[PDB]
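Asks: Sharing a structure below in C-alpha cells format, with a few things to ask.
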Amino acid sequence: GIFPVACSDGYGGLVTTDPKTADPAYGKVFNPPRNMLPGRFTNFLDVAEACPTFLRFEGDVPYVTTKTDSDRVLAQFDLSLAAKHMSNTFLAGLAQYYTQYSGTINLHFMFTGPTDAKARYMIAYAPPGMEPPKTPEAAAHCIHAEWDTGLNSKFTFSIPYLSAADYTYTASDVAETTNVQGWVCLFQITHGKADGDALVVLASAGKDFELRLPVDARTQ
Amino acid sequence: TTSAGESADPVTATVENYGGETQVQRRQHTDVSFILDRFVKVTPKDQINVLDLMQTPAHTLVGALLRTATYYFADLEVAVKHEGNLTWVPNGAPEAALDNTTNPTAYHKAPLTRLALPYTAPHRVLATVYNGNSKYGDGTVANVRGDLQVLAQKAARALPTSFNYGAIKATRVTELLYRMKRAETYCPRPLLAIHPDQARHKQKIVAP
Amino acid sequence: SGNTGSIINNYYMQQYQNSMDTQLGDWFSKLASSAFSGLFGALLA
Amino acid sequence: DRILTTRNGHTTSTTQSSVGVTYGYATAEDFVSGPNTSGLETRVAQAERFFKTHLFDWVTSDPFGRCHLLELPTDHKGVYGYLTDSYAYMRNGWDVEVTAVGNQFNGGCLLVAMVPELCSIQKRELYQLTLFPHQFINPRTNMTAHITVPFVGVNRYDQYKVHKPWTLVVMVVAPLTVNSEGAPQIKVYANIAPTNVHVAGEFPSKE
Amino acid sequence: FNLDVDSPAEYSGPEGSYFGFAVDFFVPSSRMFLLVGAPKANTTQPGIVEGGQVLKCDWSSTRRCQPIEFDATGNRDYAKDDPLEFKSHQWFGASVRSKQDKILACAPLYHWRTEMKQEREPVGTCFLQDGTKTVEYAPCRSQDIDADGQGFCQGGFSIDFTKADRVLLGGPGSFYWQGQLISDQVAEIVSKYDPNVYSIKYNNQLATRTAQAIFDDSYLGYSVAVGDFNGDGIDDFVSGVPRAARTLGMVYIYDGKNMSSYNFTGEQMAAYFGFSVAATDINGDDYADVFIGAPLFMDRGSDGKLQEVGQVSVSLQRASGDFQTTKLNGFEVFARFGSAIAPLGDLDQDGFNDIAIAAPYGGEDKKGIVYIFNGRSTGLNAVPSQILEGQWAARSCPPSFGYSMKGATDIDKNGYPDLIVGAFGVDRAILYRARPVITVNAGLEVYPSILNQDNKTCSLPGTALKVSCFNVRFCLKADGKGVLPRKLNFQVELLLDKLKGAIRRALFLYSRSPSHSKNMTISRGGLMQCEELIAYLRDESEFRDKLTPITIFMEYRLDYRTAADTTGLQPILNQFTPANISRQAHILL
Ligand SMILES: *[C@@H]1O[C@H](CO)[C@@H](O[C@@H]2O[C@H](CO)[C@@H](O[C@H]3O[C@H](CO)[C@@H](O)[C@H](O[C@@H]4O[C@H](CO)[C@@H](O)[C@H](O)[C@@H]4O)[C@@H]3O)[C@H](O)[C@H]2NC(C)=O)[C@H](O)[C@H]1NC(C)=O
Ligand SMILES: [Ca+2]
Ligand SMILES: [Ca+2]
Ligand SMILES: [Ca+2]
Ligand SMILES: [Ca+2]
C-alpha cells in the first residue's frame, strides 16, 4: 500500500508570520557580490543606541532656553515613548511598532552658550504615585543628578527603569490619563549671564534597552 | 557622564553611574532579519503589478521600517489571491512577455498561491529612494500649488526602473502580499512616529 | 537565521530556494560597542 | 598629545580646534577591483586635494532648521572636474571639512552631516539627522567639523552626470546668539576633498 | 436729486474698445478734463493688437476725446529674438486714477517674460504721469515669480491715491491668489525709475507679505479704498478680499503707515462680499465710513423665496474704534446692486457727504441703473433721492451703465460736485452735472383764523352791504450756495376753501374769486418778500356747511427756464421741502 496520513483539521491555514517558507519556482540565480559593503546595521537597537536624536519642545525646537525669573523649571515631560516631547526621536520612531519595552533611556544634554555664560542644571526622575515636583528643592529627593557647564559641554544621564512589572507598555493608554509609568523633570538651579542661551537635548537607547512583541502602528 | 560634546562618538552613561547595575538584555525582536520577513498587504492593480518593494505603504510596519534603510538586499516571496493564471516575469524582460506561459505561471489552486522569487536585480544592492538627478536638494523652489499640485508630487519619484523584482500578471489579482527574507540593510534613515497634539498621544489600548 | 522555525532540513537544495550570494576578493554593532562609559574626572564614593 | 593637521595630496589643512575626525560608515575602502569593469580601472592620484566652497551666512535671524544641501560632486573647475567630463565611470570617497569661524563668545550650534541620496526632506525629519555621519559645531568649543565617508552606492562605479550619491548638509540647531562681545555674522566655508578616485572608461574627445 | 438728466454730457469711443470700463476726473493747474479707460482700444504701438488706451476728454466746448500716450512703444526684447513682454490685450486703462497733475493708469493683463526661463506671467503694469514726466510702475514684476510669487499678481487690478501722495495698488493673484496690497510713495516711483531695469526696488515700500497656504485664492487687492481709521491723519488701506473665508468674502483694513492689520466679513456664501469698497465720511463726524459691496447677495421676500438682489454694508466709524454697520439691499433681481460705489462729496451741499450705488445690469432692457443716496446725521438715508437710468441698448456684452463711476469733483465750478458714469458695454461715458439747490422759506398767515360770521367789517364796493372779512398773507425767501442767479421769480398760487364741485365759503375781496395768482420775484439771499390781501366770508344764508374748516392753500413754482445759466443748467428746489403749505380757518357758533 501507500503510506497513510491523516489530513488534520485546523492546521495548514495561511498565517502571515509563520516560519514556513514558500516553495521555489525559478532556481540557479547568482547575485552580484556585496561583501564588505559600507554602513550595514544588523539590529534596529544598535542604530538607536549609537545615534542619538533630538527631542521636541514648545515652538518645534530641540533646545530649551534658560529662564531669567523666579521659576526654575526648564522642562517637565512625562516618561513614555508615546509622549509629546519624545515624538520626533528615532527611539520613539521604532517604539511605535512594538507594544512593550524595558531598560534605560539615555538623555544627552549639550550646552550651546558662549564662553562667558555659565549655568548649572539638574534632572530628576519622579516615579509615579503623586504629583511631579515643581521646585529643585522638592526634586532633590528623587534619583537626581546635577552638572555645570565647563570645558566638556555634554552630559549623559541614564534614566532608571523602575517598574512593578518586568515590561512596560510603550503605548500610553487611551482612556487612562494619569501616566502611571513616571515623570522626568529637568530644572535649572542657577545661571550666570546665560540669558537667551540654549541647552539642546538628545535621546538614545540605553545599554540594556530592548523592545518586544512587534505590532503594526499603521500611522496611528 | 561628562563628555566631549561635539566629537559625536558614542557615549552611554549607564545606570551604574549613580548606583545600581544593568541586566541582561535580549534583542531578537528588533533584529533586521526577524522584523522584516512577515507578510504585508499592498494595493494591487487589475492585471500587471511590478514587484517593487517601495510600493508598500508608509503607514504599515515593514513599509515604514524598510524605508529606515538606504540600501537593502532581500529575497522576495509573494502570496497572491487571484483568479486565472499568474505569470511571474524576471527583471528587465519586455512587458509583452507577461502573456507567455513558459515564464513561471502558477495555476489557480484555491484560495491563494505563494511562491518564492530570487533577487533578480542587476545591482549589488537595491535602494529605497534613488536620486540620480531629480532633487537638488537643499531647498526646493515654490513651483506648483492648487490643482496642479497633486500631479507635481510624482515629479520626484524613483527612476531606476531596474529597482524591481519583476512583474506578475493575472486575469484579476485581488490581494497580493509581500514579505522579504534574508534581509540585509545598510545606511540607516530617519524613522518617524506620528505627532501628538495632546500632552501624550493616548490611544485606546486593548483591554477586557 | 531569520524567521524560520523548522528543525528539519529544507526540501529544495539551496539554490532552488534562495539566490546564491557571491563573495569578492557589522558596522553599527562595532559602533555601539565602542561607547564610552564611566566618568571623565576623578570620582568619589 | 594631539596630531590635528590633515593633508590630502599636496594641500594641507591645519586646525587648532579639532574635536576629532569622524569616520562614517567604514574605516577602510571597498574592493575597487570589480567584475563590472573587466579590470580597466585606474587610480588617479592627482585628484586628491582640497577645494574650497561657500555655503551660507549663518546670521542671528536664522531659526531652527535653516538647512543647506549641496550635492557632491559639485562644479570642480580643476583637476577633479576634468575627470567628470573625460571618464564615464568613477568612484571616490570624501573627507569634508566645514569651518564656522566666529569667536568663543558667540553661542548656538549648527549640525553638520554627510548624508547619502538626500532629497525631499521635511523639517519634522530634521530631528533625526543625528543618524548619519555627523559632527556638531558650536563656537564655545570648536570651529571645524571633519567628516570622512567612503563610496556608498547602488553599484560599484557611478555616472556622476546622472547621479549624486552624497549630500553635505549643515543645519542650525540653536540660533546664533551674538552678545556684546561676540561676532555679529559668521560665514560658513568648506574645503572638500576626494579620496582615492578610480576612473574607468575614456570618453572620446569633444573635437 | 439735483443731478441734471435732461442734457448730460455724452462721450463715446471705438466699438469693442470697452470705452467706459474706468472713469475719473483730471484737474491739473486751470482747465478741466475727463479720463475714460478703454482697455480694449487699438493703439498705434508696433505690433500690439488691442493694447488699450486712456483718453483725456475735453469738457470745455466740444466733445473731443484725445488719447493719452503713456507708452507708444511695442514689446521690448530680453535678448535677440526673445520678447520680454506681451502688451497685446494687456487691458491697459482697466483702472484709471488721477490726483492733481498725477495720472495713474494700469494694465492688469500685461504679461511678462521672466529674466530666467521663457514664461508669460501676468504681473500687470502701470504708467505714472506727472505733467511732462511719465514713468513705469510694475511692483509685481520682480525676482519673485510664478504662482507662489508675484508672477500672476496682475498688479494694478485696483489702484488709489492717498493724501500724502502715496500710491495704493492691489494684485489678486500674488502667492497663489492670496492677493497682495502694495503701497509706494509717488516720490520713489519716479525717483527710482530706470528704463533698463525691469524689477525696480523701492526703499519705502509697504506690502502684505505671503501667508499660509490656507489663505490661497482669496483675491486680496480685488478692490481698494483709502481713508483714516486709527486717527493719525494718514490714509489707511481698505481692500476687498471676496474669496476669503471659504467664499464668504472679507474686507481687510491695514495701517497706511506700516501695513499693520480691522477685518470685515460676509454673511452669505459666494455673494462676492468685497467686489467693491469705498471710504467716505457719510455722517459729517469727520470719521471715514466703510462701504462694502456684494452684488450677488440673495434676499428673501414675503413669499420666502431667495432672490439675488445685491447688498452694500454701510459701516459707520465710531470714535470707539467700533463700527455701526447698516445693510442696504438691492431693488431689482439679477441687477447686481453694489457693483460700483462712488463717494460724491456733498452732492446737494447740505452739510453731509453723499454716495452713489449702481446696479449695472438693471433697468429696462438691462440698460443699467445708478442710485443716489444722501447722507445725514444718523448715517446714510436708505431711500434713494434720484434714479439714474441708462439710455442705450445692448449689442453683445450688456451696456453695463454704472459698472464704473467717479464723483466728488466740481468740474463746472457751480459749487456743486458732478458725476461720471461709464457704460463700457456700449462704449459710452456720461457726465451728469449737479444743479444748484435752492432752499425756500415760504410762509402763510391767516388772521384772524377764527372767523365771526356776524363781524361784517370790510365793506364791499358796488353794494351797501358789508361782509365778514379777514387777511391772507404769504411770504417767500430763498437762498443757495454755489453759482446761481441773484434774482429769482416765482409763481405763487392761492386757493380759498381748498377742501371743497362743492361751494367755497370764502373768496378774495378785490376780485370776488376764490383763486388768486401772483407773479412774485424775490432775490437770492435778499430779504423776505411778502404780499398780503383781503379775503371775505360768504353770507350766512349762502351755504349750510359751517363745521368744515376753510383751508387756505398756497403753492409756488419756480421759473426754471429763466433761472438757467450759461450752459442752461437750471437750479432745483431742496428735497424734503414742501412745495406748498396750507393753513385753515374756522367759523364759530
Ligand atoms: C372782525 O373783522 C375785522 C375785519 O376783518 C377783524 O380785524 C382784524 O383785527 C385784528 C386784531 O386787531 C387784526 O390783526 C392784525 O392787526 C392788529 C392791529 O389792528 C395787530 O395787533 C395784529 O398783530 C397781532 O395780530 C396777530 C394776528 O394773528 C395776533 O396773532 C397777535 O397776537 C397780535 O395780536 C395783526 O397784525 C387784523 O389785521 C384785522 N383784520 C381786518 C381785516 O380788519 C377783527 O379781528 C374781527 N373781529 C372778530 C369779531 O373776530
Ligand atoms: Ca491711519
Ligand atoms: Ca463717519
Ligand atoms: Ca449731501
Ligand atoms: Ca456742477
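Following the order of the C-alpha cells, chains are lettered A, B, ..., residues in each are numbered from 1, and ligands are numbered from 1.
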Using only C-alpha atoms and all ligand atoms, what are the residues with an atom within 9 Å of ligand 5, set out as a list in words?

Replies: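 Counting only what the definition allows, namely only C-alpha atoms and all ligand atoms, the set is residues 3, 347, 409, 410, 411, 412, 413, 414, 415, 416, 417, 418, 419, 432, 433, 434, 435, 436, 482 and 569 of chain E.
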
Asks: Write the selection just made, keeping C-alpha atoms, as a compact mmCIF listing (two decimals), in the first residue's frame?

Replies:
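And here's result.txt as it stands now:
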# COMPACT_ATOMS: atom_id res chain seq x y z
CA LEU E 3 -28.29 115.85 -10.98
CA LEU E 347 -23.72 116.49 -3.84
CA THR E 409 -15.46 116.83 -8.41
CA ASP E 410 -16.84 120.31 -9.10
CA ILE E 411 -15.88 120.26 -12.78
CA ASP E 412 -18.01 123.24 -13.82
CA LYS E 413 -17.34 125.42 -10.77
CA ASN E 414 -21.04 125.75 -9.92
CA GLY E 415 -20.36 124.99 -6.26
CA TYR E 416 -21.80 121.50 -6.73
CA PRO E 417 -19.81 118.29 -7.46
CA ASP E 418 -20.62 116.22 -10.55
CA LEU E 419 -20.64 112.55 -11.58
CA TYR E 432 -24.08 114.29 -15.03
CA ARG E 433 -23.91 117.84 -13.69
CA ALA E 434 -25.32 118.91 -10.33
CA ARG E 435 -27.96 121.64 -10.38
CA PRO E 436 -27.81 124.39 -7.72
CA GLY E 482 -22.56 127.80 -5.23
CA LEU E 569 -28.09 124.34 -16.05

Asks: Excluding same-chain residues fewer than 4 positions from residue 24 (chain B), what lies within 12 Å of it counting only C-alpha atoms, as a VMD selection string?

Replies: chain A and resid 102 to 103 207 to 210

Asks: How would the residues just chosen look if you wrote them out with N, CA, C and O atoms as a tab-separated table (two decimals), in the first residue's frame?

Replies:
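Okay, out_2.tsv is ready:
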chain	number	residue	atom	x	y	z
A	102	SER	N	11.65	47.48	28.00
A	102	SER	CA	12.27	47.65	29.30
A	102	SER	C	13.64	48.25	29.08
A	102	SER	O	14.18	48.21	27.97
A	103	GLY	N	14.21	48.79	30.13
A	103	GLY	CA	15.58	49.23	30.10
A	103	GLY	C	15.70	50.74	30.21
A	103	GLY	O	14.71	51.47	30.29
A	207	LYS	N	21.99	51.14	27.52
A	207	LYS	CA	22.83	49.96	27.40
A	207	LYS	C	22.01	48.68	27.42
A	207	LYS	O	22.32	47.74	26.69
A	208	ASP	N	20.96	48.64	28.24
A	208	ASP	CA	20.13	47.46	28.40
A	208	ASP	C	18.69	47.70	27.99
A	208	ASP	O	17.76	47.23	28.64
A	209	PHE	N	18.50	48.44	26.91
A	209	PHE	CA	17.18	48.75	26.39
A	209	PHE	C	16.82	47.72	25.33
A	209	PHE	O	17.60	47.50	24.40
A	210	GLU	N	15.67	47.07	25.48
A	210	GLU	CA	15.29	46.07	24.49
A	210	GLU	C	13.77	46.06	24.36
A	210	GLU	O	13.06	46.09	25.37

Asks: Kindly give the distance, in Å, that separates CA of residue 106 (chain B) and CA of residue 32 (chain A), rounded to a single decimal.

Replies: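 Computed distance, CA of residue 106 (chain B) to CA of residue 32 (chain A), equals 27.6 Å.
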
Asks: Name the closest residue to residue 168 (chain D) among the candidates D:102, D:20, D:133, D:150; distances are taken between atoms, counting only C-alpha atoms.

Replies: D:133

Asks: Find the residues in chain D near chain A: any atom within 6 Å counts, using only C-alpha atoms. Write them as a PyMOL selection string.

Replies: chain D and resi 25-26+104-108+127-128+130-131+140

Asks: Can you write just those residues out, N, CA and C atoms, as a CSV table (one decimal), in the first residue's frame?

Replies:
chain,number,residue,atom,x,y,z
D,25,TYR,N,30.6,55.2,8.5
D,25,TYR,CA,30.1,54.0,7.8
D,25,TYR,C,31.2,53.0,7.5
D,26,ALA,N,32.4,53.3,7.6
D,26,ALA,CA,33.6,52.5,7.3
D,26,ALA,C,34.9,53.2,7.6
D,104,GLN,N,35.0,82.7,20.5
D,104,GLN,CA,34.5,81.9,21.7
D,104,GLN,C,33.4,82.6,22.5
D,105,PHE,N,32.8,83.7,22.0
D,105,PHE,CA,31.8,84.5,22.7
D,105,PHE,C,30.5,84.5,21.9
D,106,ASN,N,30.4,83.8,20.8
D,106,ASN,CA,29.1,83.6,20.2
D,106,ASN,C,28.5,82.3,20.9
D,107,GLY,N,27.2,82.1,20.6
D,107,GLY,CA,26.6,80.9,21.1
D,107,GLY,C,25.9,80.1,20.0
D,108,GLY,N,25.0,79.2,20.4
D,108,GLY,CA,24.4,78.4,19.4
D,108,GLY,C,25.2,77.3,18.8
D,127,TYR,N,14.8,66.3,13.1
D,127,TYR,CA,15.1,65.9,14.5
D,127,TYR,C,16.1,64.8,14.5
D,128,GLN,N,16.0,63.9,13.5
D,128,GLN,CA,16.8,62.7,13.5
D,128,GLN,C,17.8,62.7,12.4
D,130,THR,N,20.9,63.0,13.3
D,130,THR,CA,22.0,62.5,14.0
D,130,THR,C,22.4,61.1,13.6
D,131,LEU,N,21.5,60.4,12.9
D,131,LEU,CA,21.8,59.0,12.5
D,131,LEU,C,22.9,58.9,11.4
D,140,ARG,N,31.6,77.8,21.2
D,140,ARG,CA,32.1,77.7,22.5
D,140,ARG,C,33.2,76.7,22.6

Asks: List all protein, DNA and RNA residues that have any atom at most 7 Å from ligand 1, counting only C-alpha atoms and all ligand atoms, and write the list as number ranges by chain.

Replies: E: 446-448, 450-452, 455-458, 468-471, 534
